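A.B. asks: Here it is: the structure, laid out below.
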Amino acid sequence: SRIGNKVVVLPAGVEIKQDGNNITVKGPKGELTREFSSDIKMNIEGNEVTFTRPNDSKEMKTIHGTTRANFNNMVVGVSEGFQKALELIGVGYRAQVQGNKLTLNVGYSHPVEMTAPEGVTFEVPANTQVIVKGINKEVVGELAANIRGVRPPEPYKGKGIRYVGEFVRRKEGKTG
Amino acid sequence: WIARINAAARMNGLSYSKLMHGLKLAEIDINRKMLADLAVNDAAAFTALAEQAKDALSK
Amino acid sequence: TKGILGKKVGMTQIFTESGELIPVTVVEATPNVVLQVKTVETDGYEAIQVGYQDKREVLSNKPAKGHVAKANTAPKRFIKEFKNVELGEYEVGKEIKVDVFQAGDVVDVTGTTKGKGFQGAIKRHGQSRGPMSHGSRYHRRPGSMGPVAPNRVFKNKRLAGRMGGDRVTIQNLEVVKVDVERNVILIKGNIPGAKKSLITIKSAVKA
Amino acid sequence: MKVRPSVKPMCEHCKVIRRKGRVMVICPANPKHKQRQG
Amino acid sequence: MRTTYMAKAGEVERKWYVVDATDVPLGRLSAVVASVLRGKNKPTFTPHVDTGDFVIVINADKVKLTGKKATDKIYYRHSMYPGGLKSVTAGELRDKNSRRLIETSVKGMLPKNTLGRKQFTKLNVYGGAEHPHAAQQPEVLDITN
RNA sequence: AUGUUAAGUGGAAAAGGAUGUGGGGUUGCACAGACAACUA
RNA sequence: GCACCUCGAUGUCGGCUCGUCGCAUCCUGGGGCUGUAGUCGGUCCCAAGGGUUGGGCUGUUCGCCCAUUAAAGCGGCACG
RNA sequence: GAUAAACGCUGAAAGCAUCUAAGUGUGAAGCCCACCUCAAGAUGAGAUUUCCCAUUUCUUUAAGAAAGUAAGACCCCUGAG
Ligand SMILES: [Zn+2]
């Protein structure tokens, strides 16, 4: 593994508790925990970690790469957190924020309602922009794909809800 | 007879096939009829025989 | 929840406030008495045992008097159990009367259908006849019994036999009126059973 | 989706995968090219 | 017509046993239990007589299934009405009603006559760690097979 | 004793298709810095 | 095609009555692609719970026609 | 509630990409419940409330025989919902 061999070096605030399997990175925002495996082990000399592999496993590298990717993610987020930005084309559509209630107005004969769990928030500045904010990388992504799931974008005018960099293909619908 | 002998021998650390081989390598010529009769009536005689078989195939 | 036992009197008519004519069924229910309370610690589930319709006393025996003695009533003719009712709120001796229901109150109604005897497949199952002319000899018969290959008849091949006498409930009926000094409920529509037969009325399961 | 027992990359950007015991082609340039073997 | 012993009805003592089923594959445990219920481990074995012991199986909830048996092994039943197969069950039995599971495995490894049906009434199976039979003073059996 | 298979293959079937895994070979490009990724 | 089976007997087709099963799906449910603007459609995938009409003409299946319907499925069961 | 086709989120083997291998979701008139009826001969014969409580000889004292009874039931008679 090239990923499995790389370095994770923890910025200020990080404390890393060990108990058998569980690891629990903590920082200035959150205190995430995740269950990891046995065949790849911990490390010493604070503000640096490497992971290691007893070889001779069949695939020889997969479990290693994932066991490092996840910890790098936990640290990157517990010190910094992640971000996802959603746009809004399709004339007449707007969002509004009231605590953990995300109100949406997309061409439907009823408004649509979503509610964010503990670690997550919303950020609507304007009737077009939405921002999902958290510590977890998985939960923020799932909730954004949930929101964008309410109305994906069409190709004839590109209306509907999109990630703020989605490249949509545009067709030529004839004029009748 | 054979099933009763298997039952008895597994109590003395053997199975039927290893115990029969052991008794042949020692030149013992008891029937399966008398062997089962011993297995039910005279457990001490059956253990004497099972020890002789265990020593024969210990070579 | 709500639920009472009564007897069937008959059918009549009634006009409403607006002046519509509506068919109805009179049910008479003198006060029901709670004879026993079943709990999870003793019995394994939660219910309530209710009795209805006092009985003369040459007609009961000693075990029945002993069962009815802890509740201070006369021996009863009909004893049922009522389930899914928050126990609390209930105790041996209590009387349940018809003012348990009010006008409105969509309800379920159960009884035992009238008896009719040994009946053929046409009346019993709605099967159709054969022709009455044109050389026919196949009027009022139950059909072919099956195909040849399995060398037998399948189950649920329907035939003649004894008809009626089963229990039936009808859902989502309305209480038109309640009369307290007479122990009478008026229900809109028709109910199963003969006259003088036992009827049970509960609040409706589909709400 | 095309479902055929011959599943073949048919432009440059097509890739082959195995999401179960099941061969598939996946193209980000042309949705007509998406294929699953069956 | 000579001397080989044959046992009688109430002459050979029957002991009680406790077997533990956490991480033993279904059929291997079930084969060992089936031989102990029939009395095949005792030299007084006679085929027209019952001489097996009683068995308690504990922790049936944690029995092992290898491969993809927990989703792909299916039990069928017919009600003898037209079109009435019931393929309802899989390794869902291990979650809910794990006594059905062990019992239907052990029942297929016993003879199919009136002696083998009476030997089945000596299995007592429990999903958890505790049984109600402490007055019969049962001994622990240890599997390695 | 030493290996292979993850498909209940073992315990029915072909042309053709495929970064499934084991073993043996032939070579192009690599610390006078490789393939991939990111600037211009 | 063959002639194993039944010659001291195994009664043919349409209709009637009563159905049951398969899925290579006719309607209704869920989807991917479109040479999919919308309204209608084409095609492929998953799906057998229920549903699937009355007349005229012919002994007639088959077929053609009339008026409807969400639709007027195709096979096995001694061509039940 | 668990799923089919389909669609993911995070993610490496294979520094990238990728729904999948480890983890994590959505999703059908279909599947298991939900509604109605039958059901402990379910010989694995289940549970709760109430009612009733002792003569004579011995094979030998034994799950012994025979006799009169309790609670309760039936025969017999008037009938029908
Ligand atoms: Zn392509």
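Residue numbers start at 1 in each chain; chains themselves are named A, B, ... in the order of the structure tokens; ligands are numbered from 1 in the order shown.
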Let me have all residues with an atom within 9 Å of ligand 1, counting only C-alpha atoms (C1' of nucleotides) and all ligand atoms, laid out as an NGL selection string.

C.D. replies: :D and (9-15 or 25-34)

A.B. asks: Go ahead and dump the residues you just picked, C-alpha atoms, as an mmCIF file, in the first residue's frame.

C.D. replies:
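result06.cif was written with the following content:
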```
data_model
loop_
_atom_site.group_PDB
_atom_site.id
_atom_site.type_symbol
_atom_site.label_atom_id
_atom_site.label_comp_id
_atom_site.auth_asym_id
_atom_site.auth_seq_id
_atom_site.Cartn_x
_atom_site.Cartn_y
_atom_site.Cartn_z
ATOM 1 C CA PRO D 9 -15.570 -1.450 -23.544
ATOM 2 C CA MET D 10 -16.777 0.633 -26.489
ATOM 3 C CA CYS D 11 -15.003 3.989 -26.148
ATOM 4 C CA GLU D 12 -11.924 5.389 -24.430
ATOM 5 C CA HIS D 13 -13.403 6.292 -21.059
ATOM 6 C CA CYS D 14 -15.263 3.038 -20.406
ATOM 7 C CA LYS D 15 -13.996 1.014 -17.451
ATOM 8 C CA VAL D 25 -18.897 -1.425 -17.844
ATOM 9 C CA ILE D 26 -19.124 2.138 -16.568
ATOM 10 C CA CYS D 27 -18.556 5.222 -18.712
ATOM 11 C CA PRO D 28 -18.573 8.859 -17.506
ATOM 12 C CA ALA D 29 -18.779 10.288 -21.055
ATOM 13 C CA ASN D 30 -21.833 8.516 -22.504
ATOM 14 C CA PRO D 31 -24.657 6.907 -20.499
ATOM 15 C CA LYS D 32 -25.538 4.714 -23.495
ATOM 16 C CA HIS D 33 -22.349 2.754 -22.791
ATOM 17 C CA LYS D 34 -23.329 1.484 -19.319
#
```

A.B. asks: Determine which residues of chain C receive a DSSP assignment of strand (DSSP E), computed from the backbone, and state them as a ChimeraX atom specification.

C.D. replies: /C:3-15,21-28,32-38,47-54,76-83,95-96,104-112,115-119,161-164,167-179,184-188,198-203

A.B. asks: Which neighbours of residue C:83 fall inside 9 Å, counting only C-alpha atoms (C1' of nucleotides), when residues of the same chain fewer than 4 positions from it are skipped, and could you give them as a list in words?

C.D. replies: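 Selected residues are residues 1, 46, 47 and 48 of chain C.
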
A.B. asks: If you count only C-alpha atoms (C1' of nucleotides), which residues fall within 12 Å of residue B:47, apart from same-chain ones fewer than 6 positions away, as a PyMOL selection string?

C.D. replies: chain B and resi 5+8-14+19+35+38-41+53-54

A.B. asks: Please, could you write that set of residues out with N, CA and C atoms as a short mmCIF file (atom, residue, chain, number, x, y, z; two decimals), in the first residue's frame?

C.D. replies:
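Produced file part.cif, reproduced below:
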```cif
data_model
loop_
_atom_site.label_atom_id
_atom_site.label_comp_id
_atom_site.auth_asym_id
_atom_site.auth_seq_id
_atom_site.Cartn_x
_atom_site.Cartn_y
_atom_site.Cartn_z
N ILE B 5 -17.77 -53.12 20.61
CA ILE B 5 -16.32 -53.04 20.82
C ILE B 5 -15.82 -51.62 20.56
N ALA B 8 -16.60 -49.60 23.62
CA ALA B 8 -15.75 -49.87 24.77
C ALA B 8 -14.35 -49.32 24.57
N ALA B 9 -13.80 -49.45 23.36
CA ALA B 9 -12.41 -49.07 23.12
C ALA B 9 -12.22 -47.57 23.16
N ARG B 10 -13.19 -46.80 22.66
CA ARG B 10 -13.06 -45.35 22.75
C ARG B 10 -12.99 -44.87 24.19
N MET B 11 -13.38 -45.70 25.15
CA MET B 11 -13.20 -45.38 26.55
C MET B 11 -11.78 -45.62 27.03
N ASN B 12 -10.99 -46.42 26.32
CA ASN B 12 -9.61 -46.71 26.67
C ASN B 12 -8.63 -46.02 25.74
N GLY B 13 -9.03 -44.91 25.12
CA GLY B 13 -8.13 -44.13 24.30
C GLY B 13 -7.86 -44.64 22.90
N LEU B 14 -8.71 -45.50 22.35
CA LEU B 14 -8.49 -46.06 21.03
C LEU B 14 -9.77 -45.97 20.21
N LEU B 19 -7.26 -50.54 17.40
CA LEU B 19 -7.17 -51.60 18.39
C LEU B 19 -7.10 -52.98 17.74
N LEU B 35 -14.69 -60.74 22.51
CA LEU B 35 -14.28 -59.37 22.80
C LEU B 35 -15.45 -58.54 23.30
N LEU B 38 -16.46 -59.73 26.81
CA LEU B 38 -15.59 -59.10 27.79
C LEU B 38 -15.96 -57.63 28.00
N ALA B 39 -16.11 -56.88 26.91
CA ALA B 39 -16.47 -55.47 27.00
C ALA B 39 -17.67 -55.21 27.90
N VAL B 40 -18.62 -56.14 27.95
CA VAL B 40 -19.78 -55.92 28.81
C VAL B 40 -19.61 -56.53 30.21
N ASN B 41 -18.88 -57.64 30.36
CA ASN B 41 -18.80 -58.32 31.65
C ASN B 41 -17.53 -58.01 32.45
N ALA B 53 -2.49 -54.00 23.19
CA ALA B 53 -2.56 -53.43 21.85
C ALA B 53 -1.89 -52.07 21.78
N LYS B 54 -2.04 -51.25 22.82
CA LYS B 54 -1.41 -49.94 22.79
C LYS B 54 0.11 -50.05 22.82
#
```

A.B. asks: Within stretch 3-156 of chain C, find each residue whose DSSP state, derived from the backbone, is helix (DSSP H, G or I), and express the selection as a PyMOL selection string.

C.D. replies: chain C and resi 62-69+98-100+121-125

A.B. asks: Write the residues of the preceding selection, restricted to C-alpha atoms, as a compact mmCIF listing (two decimals), in the first residue's frame.

C.D. replies:
```
# COMPACT_ATOMS: atom_id res chain seq x y z
CA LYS C 62 -72.09 -24.52 42.89
CA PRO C 63 -68.86 -23.79 40.93
CA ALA C 64 -70.60 -20.94 39.09
CA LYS C 65 -71.90 -19.37 42.30
CA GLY C 66 -68.39 -19.50 43.71
CA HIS C 67 -67.01 -17.75 40.64
CA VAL C 68 -69.69 -15.05 40.80
CA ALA C 69 -69.45 -14.59 44.60
CA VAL C 98 -74.64 1.81 27.49
CA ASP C 99 -73.58 5.43 28.10
CA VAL C 100 -70.12 4.17 27.35
CA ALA C 121 -73.44 -25.89 -3.65
CA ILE C 122 -75.65 -23.36 -5.43
CA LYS C 123 -77.14 -21.74 -2.34
CA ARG C 124 -74.08 -22.34 -0.16
CA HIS C 125 -71.33 -21.08 -2.48
```

A.B. asks: Report, in Å with one decimal, the straight-line distance from atom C1' of residue G:47 to atom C1' of residue H:28.

C.D. replies: 7.6 Å

A.B. asks: Atom CA of residue C:141 and atom CA of residue C:129, how far apart in Å?

C.D. replies: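 Rounded to one decimal, the two atoms are 7.1 Å apart.
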
A.B. asks: What is the atom CA of residue E:26 to atom CA of residue E:72 distance in Å?

C.D. replies: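 For atom CA of residue E:26 relative to atom CA of residue E:72, the distance reads 14.8 Å.
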
A.B. asks: List every residue of chain F that has an atom at most 12 Å from any atom of chain E, giving for each one its closest atom pair and the distance in Å to one decimal, counting only C-alpha atoms (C1' of nucleotides), sorted by chain and then by ascending residue number, as a tab-separated table.

C.D. replies:
```
residue	atom	partner	partner_atom	distance
F:6	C1'	E:67	CA	7.8
F:7	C1'	E:67	CA	10.8
F:8	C1'	E:67	CA	8.3
```

A.B. asks: Since we have the selection now, will you write its residues out, keeping N, CA and C atoms (P, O5', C5', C4', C3', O3' and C1' of nucleotides), as a PDB file, in the first residue's frame?

C.D. replies:
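Contents of the output file out04.pdb:
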```
ATOM      1  P     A F   6     -12.106 -18.927  -5.536  1.00  0.00           P
ATOM      2  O5'   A F   6     -13.476 -18.810  -4.746  1.00  0.00           O
ATOM      3  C5'   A F   6     -14.732 -19.044  -5.366  1.00  0.00           C
ATOM      4  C4'   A F   6     -15.857 -19.001  -4.363  1.00  0.00           C
ATOM      5  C3'   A F   6     -16.002 -17.717  -3.562  1.00  0.00           C
ATOM      6  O3'   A F   6     -17.359 -17.599  -3.161  1.00  0.00           O
ATOM      7  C1'   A F   6     -15.576 -19.492  -2.098  1.00  0.00           C
ATOM      8  P     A F   7     -18.379 -16.574  -3.854  1.00  0.00           P
ATOM      9  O5'   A F   7     -19.396 -17.535  -4.621  1.00  0.00           O
ATOM     10  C5'   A F   7     -19.408 -17.569  -6.037  1.00  0.00           C
ATOM     11  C4'   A F   7     -19.751 -18.927  -6.590  1.00  0.00           C
ATOM     12  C3'   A F   7     -20.661 -19.801  -5.767  1.00  0.00           C
ATOM     13  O3'   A F   7     -22.015 -19.409  -5.884  1.00  0.00           O
ATOM     14  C1'   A F   7     -18.900 -21.085  -6.698  1.00  0.00           C
ATOM     15  P     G F   8     -23.090 -19.746  -4.742  1.00  0.00           P
ATOM     16  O5'   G F   8     -22.574 -21.104  -4.093  1.00  0.00           O
ATOM     17  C5'   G F   8     -23.448 -21.993  -3.418  1.00  0.00           C
ATOM     18  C4'   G F   8     -23.081 -23.433  -3.663  1.00  0.00           C
ATOM     19  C3'   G F   8     -24.267 -24.367  -3.877  1.00  0.00           C
ATOM     20  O3'   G F   8     -23.859 -25.432  -4.732  1.00  0.00           O
ATOM     21  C1'   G F   8     -23.050 -25.095  -2.022  1.00  0.00           C
TER      22        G F   8
END
```

A.B. asks: With only C-alpha atoms (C1' of nucleotides) as the counted atoms, please give the residues lying no more than 12 Å from residue C:8, apart from itself and same-chain residues fewer than 6 positions off, as a ChimeraX atom specification.

C.D. replies: /C:24-29,109-112,184-187,190-201 /H:81

A.B. asks: Output the contact residues of chain G with respect to chain D at a cut-off of 7 Å, based on only C-alpha atoms (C1' of nucleotides), as number ranges by chain.

C.D. replies: G: 32-33, 44

A.B. asks: Could you give me, as a PDB file with N, CA and C atoms (P, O5', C5', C4', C3', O3' and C1' of nucleotides), in the first residue's frame, the residues within 10 Å of stretch 32-41 of chain H, counting only C-alpha atoms (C1' of nucleotides) and dropping anything in the same chain fewer than 6 positions from it?

C.D. replies:
```pdb
ATOM      1  N   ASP C 166     -72.070 -19.579  11.830  1.00  0.00           N
ATOM      2  CA  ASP C 166     -70.715 -19.130  12.109  1.00  0.00           C
ATOM      3  C   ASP C 166     -70.708 -17.716  12.665  1.00  0.00           C
ATOM      4  N   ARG C 167     -69.596 -17.348  13.280  1.00  0.00           N
ATOM      5  CA  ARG C 167     -69.464 -15.998  13.791  1.00  0.00           C
ATOM      6  C   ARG C 167     -68.980 -15.054  12.696  1.00  0.00           C
ATOM      7  N   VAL C 168     -69.487 -13.829  12.737  1.00  0.00           N
ATOM      8  CA  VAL C 168     -69.284 -12.825  11.703  1.00  0.00           C
ATOM      9  C   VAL C 168     -69.237 -11.475  12.396  1.00  0.00           C
ATOM     10  N   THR C 169     -68.277 -10.633  12.034  1.00  0.00           N
ATOM     11  CA  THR C 169     -68.297  -9.248  12.481  1.00  0.00           C
ATOM     12  C   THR C 169     -68.367  -8.309  11.292  1.00  0.00           C
ATOM     13  N   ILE C 170     -69.069  -7.197  11.488  1.00  0.00           N
ATOM     14  CA  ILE C 170     -69.247  -6.152  10.489  1.00  0.00           C
ATOM     15  C   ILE C 170     -68.636  -4.870  11.023  1.00  0.00           C
ATOM     16  N   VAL C 205     -61.660  -1.014  14.981  1.00  0.00           N
ATOM     17  CA  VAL C 205     -60.244  -1.343  14.936  1.00  0.00           C
ATOM     18  C   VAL C 205     -59.509  -0.486  13.922  1.00  0.00           C
ATOM     19  N   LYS C 206     -60.193  -0.006  12.896  1.00  0.00           N
ATOM     20  CA  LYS C 206     -59.546   0.741  11.838  1.00  0.00           C
ATOM     21  C   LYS C 206     -59.637   2.245  12.025  1.00  0.00           C
TER      22      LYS C 206
ATOM     23  N   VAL E  88     -40.662 -19.795   3.952  1.00  0.00           N
ATOM     24  CA  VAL E  88     -40.569 -18.555   4.693  1.00  0.00           C
ATOM     25  C   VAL E  88     -39.194 -18.400   5.302  1.00  0.00           C
ATOM     26  N   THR E  89     -38.519 -19.498   5.588  1.00  0.00           N
ATOM     27  CA  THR E  89     -37.465 -19.381   6.565  1.00  0.00           C
ATOM     28  C   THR E  89     -36.094 -19.662   5.971  1.00  0.00           C
TER      29      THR E  89
ATOM     30  P     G H   1     -39.919   0.606   9.850  1.00  0.00           P
ATOM     31  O5'   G H   1     -39.603  -0.943   9.684  1.00  0.00           O
ATOM     32  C5'   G H   1     -39.032  -1.697  10.737  1.00  0.00           C
ATOM     33  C4'   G H   1     -39.066  -3.175  10.447  1.00  0.00           C
ATOM     34  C3'   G H   1     -38.130  -3.708   9.375  1.00  0.00           C
ATOM     35  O3'   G H   1     -36.787  -3.842   9.796  1.00  0.00           O
ATOM     36  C1'   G H   1     -40.250  -4.652   9.085  1.00  0.00           C
ATOM     37  P     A H   2     -35.607  -3.180   8.933  1.00  0.00           P
ATOM     38  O5'   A H   2     -35.225  -4.294   7.862  1.00  0.00           O
ATOM     39  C5'   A H   2     -34.655  -5.528   8.267  1.00  0.00           C
ATOM     40  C4'   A H   2     -34.911  -6.636   7.276  1.00  0.00           C
ATOM     41  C3'   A H   2     -34.342  -6.465   5.879  1.00  0.00           C
ATOM     42  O3'   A H   2     -32.953  -6.705   5.794  1.00  0.00           O
ATOM     43  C1'   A H   2     -36.536  -7.297   5.733  1.00  0.00           C
TER      44        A H   2
END
```

A.B. asks: Do you know which residues are at most 12 Å from residue C:139 counting only C-alpha atoms (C1' of nucleotides), after dropping those on the same chain fewer than 2 positions away, and could you put them as an MDAnalysis selection string?

C.D. replies: (chainID C and resid 120:122 127:137 141:143) or (chainID G and resid 16:17)

A.B. asks: Would you give me, as a PDB file with N, CA and C atoms, in the first residue's frame, the residues of chain E that come within 12 Å of chain G, using only C-alpha atoms (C1' of nucleotides)?

C.D. replies:
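The resulting file, result.pdb, is shown below:
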```
ATOM      1  N   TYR E  81     -52.511 -27.926   0.867  1.00  0.00           N
ATOM      2  CA  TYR E  81     -53.538 -27.235   0.099  1.00  0.00           C
ATOM      3  C   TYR E  81     -52.958 -26.739  -1.217  1.00  0.00           C
ATOM      4  N   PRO E  82     -53.764 -26.619  -2.269  1.00  0.00           N
ATOM      5  CA  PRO E  82     -53.208 -26.290  -3.587  1.00  0.00           C
ATOM      6  C   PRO E  82     -52.443 -24.977  -3.575  1.00  0.00           C
ATOM      7  N   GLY E  83     -51.218 -25.033  -4.084  1.00  0.00           N
ATOM      8  CA  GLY E  83     -50.316 -23.904  -4.107  1.00  0.00           C
ATOM      9  C   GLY E  83     -49.866 -23.402  -2.754  1.00  0.00           C
ATOM     10  N   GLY E  84     -49.559 -24.299  -1.826  1.00  0.00           N
ATOM     11  CA  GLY E  84     -49.312 -23.881  -0.466  1.00  0.00           C
ATOM     12  C   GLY E  84     -47.955 -24.168   0.144  1.00  0.00           C
TER      13      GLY E  84
END
```

A.B. asks: With distances taken over only C-alpha atoms (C1' of nucleotides), which of D:37, D:16, D:23, D:4 is nearest to chain H?

C.D. replies: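 So, comparing all the options, the nearest one is D:16.
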